[PDB]
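Chains G and A, in that order, give the protein sequences. All residue numbers for the first sequence refer to the working numbering, where the first residue is 205 and numbers rise by one. All residue numbers for the second sequence refer to the working numbering, where the first residue is 205 and numbers rise by one. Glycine included, every Cβ here is placed at the ideal spot set by N, Cα and C.
There are 2 protein chains.
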Amino acid sequence: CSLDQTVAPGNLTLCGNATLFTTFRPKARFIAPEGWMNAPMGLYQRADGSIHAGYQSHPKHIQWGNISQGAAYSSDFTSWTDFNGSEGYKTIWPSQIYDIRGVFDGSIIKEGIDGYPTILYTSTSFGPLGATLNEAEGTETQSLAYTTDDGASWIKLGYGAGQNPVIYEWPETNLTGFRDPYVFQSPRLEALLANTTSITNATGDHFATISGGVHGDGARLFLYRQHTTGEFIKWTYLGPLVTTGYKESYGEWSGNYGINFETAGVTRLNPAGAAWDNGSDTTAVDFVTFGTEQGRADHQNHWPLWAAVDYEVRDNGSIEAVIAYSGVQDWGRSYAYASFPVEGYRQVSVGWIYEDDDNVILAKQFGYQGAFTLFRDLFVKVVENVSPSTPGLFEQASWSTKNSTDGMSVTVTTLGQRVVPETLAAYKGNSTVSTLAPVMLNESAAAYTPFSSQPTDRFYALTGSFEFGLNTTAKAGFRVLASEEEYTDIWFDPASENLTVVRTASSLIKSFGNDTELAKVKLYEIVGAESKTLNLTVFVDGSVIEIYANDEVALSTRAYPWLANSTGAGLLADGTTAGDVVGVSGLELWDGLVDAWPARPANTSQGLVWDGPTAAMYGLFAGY
Amino acid sequence: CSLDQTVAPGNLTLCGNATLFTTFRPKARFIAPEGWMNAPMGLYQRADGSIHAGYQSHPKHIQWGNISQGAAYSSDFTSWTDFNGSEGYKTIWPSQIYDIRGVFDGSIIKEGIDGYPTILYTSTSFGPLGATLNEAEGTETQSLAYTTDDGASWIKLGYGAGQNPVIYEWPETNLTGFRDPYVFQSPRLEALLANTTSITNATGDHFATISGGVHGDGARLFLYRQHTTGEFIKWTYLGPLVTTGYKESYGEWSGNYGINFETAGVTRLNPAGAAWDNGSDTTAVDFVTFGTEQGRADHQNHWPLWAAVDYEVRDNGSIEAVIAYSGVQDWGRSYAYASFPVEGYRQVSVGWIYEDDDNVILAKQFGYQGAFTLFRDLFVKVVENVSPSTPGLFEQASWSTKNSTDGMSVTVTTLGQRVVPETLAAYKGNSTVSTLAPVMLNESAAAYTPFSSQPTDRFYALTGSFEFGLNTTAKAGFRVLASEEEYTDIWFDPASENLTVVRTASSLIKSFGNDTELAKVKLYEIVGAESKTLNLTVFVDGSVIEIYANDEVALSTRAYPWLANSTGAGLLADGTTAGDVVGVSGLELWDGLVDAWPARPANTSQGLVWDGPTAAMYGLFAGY
Ligand SMILES: *[C@@H]1O[C@H](CO)[C@@H](O[C@@H]2O[C@H](CO)[C@@H](O[C@@H]3O[C@H](CO[C@H]4O[C@H](CO[C@H]5O[C@H](CO)[C@@H](O)[C@H](O)[C@@H]5O[C@H]5O[C@H](CO)[C@@H](O)[C@H](O)[C@@H]5O)[C@@H](O)[C@H](O[C@H]5O[C@H](CO)[C@@H](O)[C@H](O)[C@@H]5O)[C@@H]4O)[C@@H](O)[C@H](O[C@H]4O[C@H](CO)[C@@H](O)[C@H](O)[C@@H]4O[C@H]4O[C@H](CO)[C@@H](O)[C@H](O)[C@@H]4O[C@H]4O[C@H](CO)[C@@H](O)[C@H](O)[C@@H]4O)[C@@H]3O)[C@H](O)[C@H]2NC(C)=O)[C@H](O)[C@H]1NC(C)=O
Ligand SMILES: *[C@@H]1O[C@H](CO)[C@@H](O[C@@H]2O[C@H](CO)[C@@H](O[C@@H]3O[C@H](CO[C@H]4O[C@H](CO[C@H]5O[C@H](CO)[C@@H](O)[C@H](O)[C@@H]5O[C@H]5O[C@H](CO)[C@@H](O)[C@H](O)[C@@H]5O)[C@@H](O)[C@H](O[C@H]5O[C@H](CO)[C@@H](O)[C@H](O)[C@@H]5O)[C@@H]4O)[C@@H](O)[C@H](O[C@H]4O[C@H](CO)[C@@H](O)[C@H](O)[C@@H]4O[C@H]4O[C@H](CO)[C@@H](O)[C@H](O)[C@@H]4O[C@H]4O[C@H](CO)[C@@H](O)[C@H](O)[C@@H]4O)[C@@H]3O)[C@H](O)[C@H]2NC(C)=O)[C@H](O)[C@H]1NC(C)=O
Ligand SMILES: *[C@@H]1O[C@H](CO)[C@@H](O[C@@H]2O[C@H](CO)[C@@H](O[C@@H]3O[C@H](CO[C@H]4O[C@H](CO)[C@@H](O)[C@H](O[C@H]5O[C@H](CO)[C@@H](O)[C@H](O)[C@@H]5O)[C@@H]4O)[C@@H](O)[C@H](O[C@H]4O[C@H](CO)[C@@H](O)[C@H](O)[C@@H]4O[C@H]4O[C@H](CO)[C@@H](O)[C@H](O)[C@@H]4O)[C@@H]3O)[C@H](O)[C@H]2NC(C)=O)[C@H](O)[C@H]1NC(C)=O
Ligand SMILES: *[C@@H]1O[C@H](CO)[C@@H](O[C@@H]2O[C@H](CO)[C@@H](O[C@@H]3O[C@H](CO[C@H]4O[C@H](CO)[C@@H](O)[C@H](O[C@H]5O[C@H](CO)[C@@H](O)[C@H](O)[C@@H]5O)[C@@H]4O)[C@@H](O)[C@H](O[C@H]4O[C@H](CO)[C@@H](O)[C@H](O)[C@@H]4O[C@H]4O[C@H](CO)[C@@H](O)[C@H](O)[C@@H]4O)[C@@H]3O)[C@H](O)[C@H]2NC(C)=O)[C@H](O)[C@H]1NC(C)=O
Ligand SMILES: OC[C@H]1O[C@@](CO)(O[C@H]2O[C@H](CO)[C@@H](O)[C@H](O)[C@H]2O)[C@@H](O)[C@@H]1O
Ligand SMILES: OC[C@H]1O[C@@](CO)(O[C@H]2O[C@H](CO)[C@@H](O)[C@H](O)[C@H]2O)[C@@H](O)[C@@H]1O
Ligand SMILES: OC[C@H]1O[C@@](CO)(O[C@H]2O[C@H](CO)[C@@H](O)[C@H](O)[C@H]2O)[C@@H](O)[C@@H]1O
Ligand SMILES: OC[C@H]1O[C@@](CO)(O[C@H]2O[C@H](CO)[C@@H](O)[C@H](O)[C@H]2O)[C@@H](O)[C@@H]1O
Ligand SMILES: *[C@@H]1O[C@H](CO)[C@@H](O)[C@H](O)[C@H]1NC(C)=O
Ligand SMILES: *[C@@H]1O[C@H](CO)[C@@H](O)[C@H](O)[C@H]1NC(C)=O
Ligand SMILES: *[C@@H]1O[C@H](CO)[C@@H](O)[C@H](O)[C@H]1NC(C)=O
Ligand SMILES: *[C@@H]1O[C@H](CO)[C@@H](O)[C@H](O)[C@H]1NC(C)=O
Ligand SMILES: *[C@@H]1O[C@H](CO)[C@@H](O)[C@H](O)[C@H]1NC(C)=O
Ligand SMILES: *[C@@H]1O[C@H](CO)[C@@H](O)[C@H](O)[C@H]1NC(C)=O
Ligand SMILES: *[C@@H]1O[C@H](CO)[C@@H](O)[C@H](O)[C@H]1NC(C)=O
Ligand SMILES: *[C@@H]1O[C@H](CO)[C@@H](O)[C@H](O)[C@H]1NC(C)=O
Ligand SMILES: *[C@@H]1O[C@H](CO)[C@@H](O)[C@H](O)[C@H]1NC(C)=O
Ligand SMILES: *[C@@H]1O[C@H](CO)[C@@H](O)[C@H](O)[C@H]1NC(C)=O
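Set out below in structure tokens:
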């Protein structure tokens, strides 16, 4: 095993465990110290204003298993510190018959048991578990734990009658899944159900959804309500909140609803951020965010989706969330988005970016798998004065339209997503910032034009506004992680409405994924404008490439170039002519970003271990 | 629920939990503070000379489940003190994927991990488990833990490759069971295998048996040897030590070998006690003690047996233990005998006495189930100058015979068992002792003759020597726990060689067992004697009746008389005439015995709990 990054890569499968630990590793984002991570969990803003973030964790392994909560905290979403206790950076782990198979995703009741922050989580035990298997009741249940030390440790309720697990009965038969409880307060839902509480007797101020589905008959999000305020054992099943069909799709802008939901959450937003009104704010919109399984040919069969919903009250004192329009939260290699409230009327969302090594060829050599996305403020994106001649506008696919009285303009409403400003400020302020001169891309434009300033490593951000003619057939974007032999091309093609990431040349290492990523982006044309604009922000962080368009569209992906000098960046142009011109302005390079884990040394590997021959006997975890 | 013990019992199933806690409860023996117990485990003499005793335990329940090690200690086998830690009187409990289904029986390596006492125990996980079920590999494995604080707590080795569990591969396919590791040193076995260690490479100073069997083909005791002295991870399978047939029986004196072994141990004894020679002591005998399953119509399908064995060395460097003769360790409601070495060349054995409430009618009202037997010294019983005309003598069923050179007398050899002298001394010294005048039972004898002194409660011992004519047809023995309406009759009938406990009148409460207990007792007739003698010792301790004959035969059983005055005792006589006389001498009553748990209050119940609806979902434990 040679680690010479000035020559072509050898056979890297001969390299030892964690020998490639720093080679492709993100530095500017949330990631475990080592080993396996997946879904964010247990997210809450603590009493001191800091953010507690948990995550599904399997230390000293590079596949999933013994799944536990790892945790850390931050005062600004950006610079983090690990918890360190008797189990290292873990704070909840399998320990009881009811959760021994894994401590799955959970969410926080901020004033819970004895007034302490309390997690409701999926506690798993033995038996077939999965949407394509024949799971039985009891394999997935829901349990409580609380913390008296602000998340350094958690105390589980005892096992037994009237204690853990607190939710165990399946609400319908033949579930595909029964997990990922999302606890939330909702003046909106309380107002809607206030006339029906005699029917159900459930009058608590907390609701909880549980994600799943029914075999052969599509996904389900099940709604529960806390039975009595200030009491946390009894949760009353109201009914299905969201019901979708077996592999139903709302269309090209909306992914596919698959067979089973995961990590679903419920929020209410307005143009400024989170909305906590009872229905009285006419600018507020109810949203559900959710993952779907088995409705996708690639990306681990996983779509992270969202839908705007209109709530209807059923006669049995339950709620139907009728989907009004439906979109995609991220179009790339990310999943398991969790959202949580943050003071100042914010709802903040973060997901998990998996690697692109699905055959597990270099995972041991990495010594880790996975990272988070950046933390994102959610809000209602409102575009005013939209031209009715915007192509495809009245499809109303992942947005809504409201005509002006005179019919000459439209107001467009959709889900907005933008990187939390704390992170943008810290990134910019800690970087070497190069403000770049505008560039007109015309007949003289090369295919690739390097920026006048270049990055110095694999940790940078780019911003640009691309102004296109209304009938352009030109393409433009950014090339990143670029040398002559390796590069990753981010293209937007207004004629097809497709944002793509072409990765055929991303790396000389052939075992990594190289498929083309794709997102749909609607450029809403403004009344009286003779052009249309794409605002693109791109973060390059080790192997992560995370793309944001117009505070709306997100696409996370991976690139693993071998060569030390595959760090360059610049502009891409295709079909730009004297007459079909692309004006690029607002160009900025931020070189360096932030060291997100200042207390950690560069190499936080502790080695990898094998569970031994019993792993195959038990059949629950891969074992490595 | 009335607790009036001066009138007939009402419907006691209406009584609350633990309302009958003290009513039938032993006071003078090892018993858990409350709840469920079964097999002794983890027995060893500590560095300070005290005895550590563990037991299979399920606190606050009255059926088996979450099976854990409860523990206590004693300096004299007799007066005990509970450990008290973070889990009360438990010291090992289910906590890892490999043992979450139960911490089953285990035994002690005295100088183990880092020089500390170390337990090798059966760690159980999910799946069908049982001799009549289709168990698979991995469900039962063997794991290590060690103590740095003399048994107050135990630290398990980590889960994984080269750590726990340390034995997981089945030595043959289709096992009926794979548990109860018994670790022991043996100069005998080391000497026998010394010429074969090249074949196996196993040269350690510890051996371990694991108890089981093969479906359809009888029980098996599997022998392992520690691979290297001072190292405790690697244990090498040598071969089957004991192989018996599917429900094979050696005869009327030997129970039945069933389909599966449990709690098996290996020892070597001589007339004085434990023998630690390499084979050079010609008075020493190799013994195996073991439980069998599914070879008995009653007594929970369980026989606690023993066999004298002759070891043969196989060509593959393993040992066959050929059964020379075979007996019964206890003929009544006891099982799961464990033996352990004690300083002064002793081997001490103790078992578990279950209740006689197999339909679980009053278990909740008790608030506990189970106790230990008394602790017993094992030795080789040798009877010299035995008459060749002793009936059935050359059957050599559970004994061996050696003729004198002239053929006029025989030396008989069998397993001896006697209550440890520490307990006999303490019992006698703390009791009110009444030495009773001898009684000739003849034509004038009533059926029942009360002793001249009577017990004052349900805690007493009786001794007597019954001298019978060589051709008697008379019966005699002891009645205990006796009033006019309730009593338990212990009879010996020399003509049939049967010791019986008749329990048709033991209690007015009809839900308890009332079947007749039976043991075979061989009165070895001495050359020149014109009579034959039965030395009977009986312990009455709450509901326990524990009978010892001639330091050889043991029979433990249960009686639950309701009436407060059903405490009396005396002599039984049947068919005694002027010519067929039974001379009773050495009669002594010890009233009171010892308070075995002086620190415990009378009622150590902490209530009972239910595991809730998930107990049936998981399907592992009853839940109560
Ligand atoms: C199979 O058997 C298993 C083993 O038995 C069993 O698991 C065990 O289950 C039991 C019962 O559910 C659990 O017991 C609970 O423990 C909770 C605390 O748990 C935390 O702390 C313990 C112990 O703490 C110490 O010991 C460890 C180990 O040495 C040290 O690390 C610590 O530093 C600490 O040491 C100090 O204290 C020691 C003595 O205790 C000293 O020796 C020492 O010197 C130190 O000073 C830990 O062991 C726990 O760790 C385990 O669990 C965590 C997850 O929780 C894991 O991460 C970890 O790996 C371990 O597995 C843990 O950290 C108790 O809170 C709980 O007590 C209450 O509940 C019951 C009711 O259910 C009540 O009886 C009792 O009164 C308590 O409730 C009161 O208090 C709470 C708030 O504090 C109130 O909400 C409640 O209403 C009530 O209030 C009362 O008082 C008020 C007045 O103040 C009054 O106003 C109220 O009205 C009311 O009266 C309970 O004891 C036990 O932890 C499990 N153990 C393990 C190892 O798993 C398993 O379930 C079984 N399985 C099956 C299938 O049956
Ligand atoms: C799923 O995830 C699960 C959770 O991660 C996982 O279970 C965990 O597995 C790990 C790894 O196997 C276990 O870690 C081991 O822990 C052993 C000690 O265990 C005992 O102590 C711990 C911790 O102790 C404290 O914390 C608790 C909780 O707060 C307190 O109650 C205590 O008071 C104590 O607190 C003090 O210390 C704290 C910090 O640690 C402070 O915060 C605090 O202020 C106090 O000061 C307990 O948690 C354990 O309890 C659990 O387990 C018991 C059974 O064991 C249960 O009954 C109980 O309910 C709990 O479940 C327990 O009591 C360590 O000994 C062990 O460390 C060694 O082994 C590894 C190799 O495997 C080495 O890396 C390491 O060096 C250690 O080995 C050295 O030491 C030993 C002798 O001491 C030598 O034999 C050895 O050779 C070596 O010697 C070295 O040093 C020598 C020089 O001195 C040198 O000469 C030698 O050459 C050599 O270098 C390991 O850390 C962990 O306990 C599990 N946790 C739980 C909760 O289960 C599970 O397996 C996962 N499942 C799957 C399927 O993957
Ligand atoms: C005295 O000790 C006991 C512990 O032994 C304490 O706890 C009680 O324990 C018993 C079991 O011994 C439990 O009985 C079982 O109850 C099941 C239904 O329970 C529900 O209804 C009752 C009645 O109002 C409620 O009290 C329960 O509420 C509690 O539990 C829920 C969780 O479900 C919590 O949310 C609450 O907060 C409470 O904690 C329940 O809502 C019942 O199904 C079960 O069924 C069988 O057993 C009986 C008797 O043998 C049969 O008649 C019946 O046919 C069922 O038999 C089964 O038997 C075999 C083998 O098991 C199976 O193969 C069959 O298919 C069949 O299913 C049983 O009756 C009791 O619920 C529980 N009480 C609790 C926790 O409060 C007592 O509390 C304690 N008392 C005191 C004063 O301390
Ligand atoms: C680097 O990290 C790893 C952790 O990832 C550390 O531990 C090693 O981990 C790997 C797995 O990543 C283990 O590989 C597996 O080994 C199995 C056979 O092992 C035995 O032989 C080896 C070789 O001499 C010994 O080292 C082992 O000894 C250790 O374990 C025993 C317990 O058994 C202990 O007693 C010892 O003390 C040691 O701790 C063993 O004796 C092997 O069966 C297993 O098989 C598959 O995997 C490969 C690769 O994918 C395939 O070629 C093969 O076909 C098998 O594939 C399976 O794949 C699928 C899915 O799993 C199944 O469906 C198939 O049916 C099929 O079974 C694998 O190769 C390795 O043993 C282990 N080493 C240890 C513990 O020492 C490294 O130590 C660490 N390195 C350093 C320097 O720190
Ligand atoms: O770590 C479990 C956690 O991850 C999610 C989201 O991806 O589920 C994954 O893990 C399950 C258990 O292996 C799989 O069945 C599932 O297909 C997979 O997506 C959460 O739903 C869960 O809490
Ligand atoms: O934030 C104002 C308002 O919202 C409520 C809704 O019941 O609480 C939400 O907002 C808090 C601040 O972000 C969160 O801590 C809380 O978890 C969330 O439910 C009100 O309590 C509050 O007055
Ligand atoms: O507590 C388990 C312990 O008891 C024994 C001896 O009786 O086994 C009993 O428990 C097993 C598990 O429920 C049963 O399969 C078995 O039939 C029963 O005798 C020990 O062998 C075991 O270690
Ligand atoms: O007891 C004398 C002699 O026996 C050995 C056998 O190797 O140890 C046994 O006896 C000890 C005392 O009862 C026990 O502690 C020990 O566990 C048992 O193997 C010798 O070590 C000792 O010299
Ligand atoms: C980058 O490195 C490779 C190999 O060292 C080299 O061929 C190339 O010229 C270098 N510089 C570039 C592409 O600017
Ligand atoms: C309420 O009605 C809906 C629609 O019929 C149904 O799915 C749900 O199960 C009902 N709730 C109950 C039975 O609690
Ligand atoms: C919205 O405006 C477009 C263009 O003016 C028109 O085609 C459509 O009918 C209008 N819809 C409504 C509801 O008025
Ligand atoms: C650098 O980053 C840190 C950590 O997020 C942040 O607190 C600090 O303000 C940043 N420095 C700037 C903006 O100059
Ligand atoms: C653009 O995207 C869609 C997928 O939504 C695809 O079917 C179409 O072929 C793409 N067109 C071009 C020109 O890339
Ligand atoms: C024992 O008690 C019962 C009921 O109180 C009574 O009938 C009997 O006479 C008492 N005394 C005896 C049997 O000596
Ligand atoms: C040794 O021989 C015996 C008798 O053939 C056999 O049962 C045992 O399995 C053998 N040991 C091995 C293969 O280790
Ligand atoms: C043992 O003694 C009896 C009676 O003297 C006799 O029947 C038998 O043959 C003797 N056995 C041997 C081996 O001498
Ligand atoms: C009473 O019993 C205790 C506890 O076993 C014992 O130590 C003491 O010697 C006994 N008293 C006597 C024999 O007088
Ligand atoms: C004595 O015991 C045996 C069982 O070993 C039995 O078959 C026989 O009938 C009994 N005989 C008498 C008279 O009790």
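Is residue i near ligand 8 - that is, is its Cβ less than 7 angstroms away from at least one heavy atom of it?
{"i": "A:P391", "result": "yes"}
{"i": "A:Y320", "result": "no"}
How about residue i: is its Cβ closer than 7 angstroms to a heavy atom in ligand 1?
{"i": "G:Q367", "result": "yes"}
Alpha carbon to alpha carbon, how far is residue i from residue j?
{"i": "G:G746", "j": "G:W556", "result": "15 angstroms"}
{"i": "A:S656", "j": "A:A709", "result": "23 angstroms"}
{"i": "A:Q367", "j": "G:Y828", "result": "15 angstroms"}
{"i": "A:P802", "j": "A:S278", "result": "12 angstroms"}
{"i": "A:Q273", "j": "G:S538", "result": "46 angstroms"}
Report back the beta-carbon spacing between residue i and residue j to the nearest angstrom; my notes put them in contact at under 8 angstroms.
{"i": "G:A651", "j": "G:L776", "result": "7 angstroms"}
Would you say the beta carbon of residue i comes nearer than 7 angstroms to a heavy atom of ligand 11?
{"i": "G:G611", "result": "yes"}
Residues of chain A with CB under 9 angstroms from residue i, in chain order?
{"i": "G:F308", "result": "What G:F308 touches in chain A: nothing, since even the nearest Cβ is about 15 angstroms away."}
Determine the chain A residues that contact residue i at a beta-carbon separation under 7 angstroms, and present them in chain order.
{"i": "G:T818", "result": "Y302, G342, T345, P369, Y372"}
{"i": "G:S272", "result": "The premise fails here: G:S272 is roughly 12 angstroms from chain A at the closest Cβ pair, so nothing lies under 7 angstroms."}
For a test of your reading of the model: does the CB of residue i fall under 7 angstroms from any non-hydrogen atom of ligand 15? Yes or no.
{"i": "A:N520", "result": "yes"}
How about residue i: is its Cβ closer than 7 angstroms to a heavy atom in ligand 10?
{"i": "G:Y515", "result": "no"}
Closer than 7 angstroms by beta-carbon distance: list the chain G residues that pair up with residue i, in chain order.
{"i": "A:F330", "result": "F330"}
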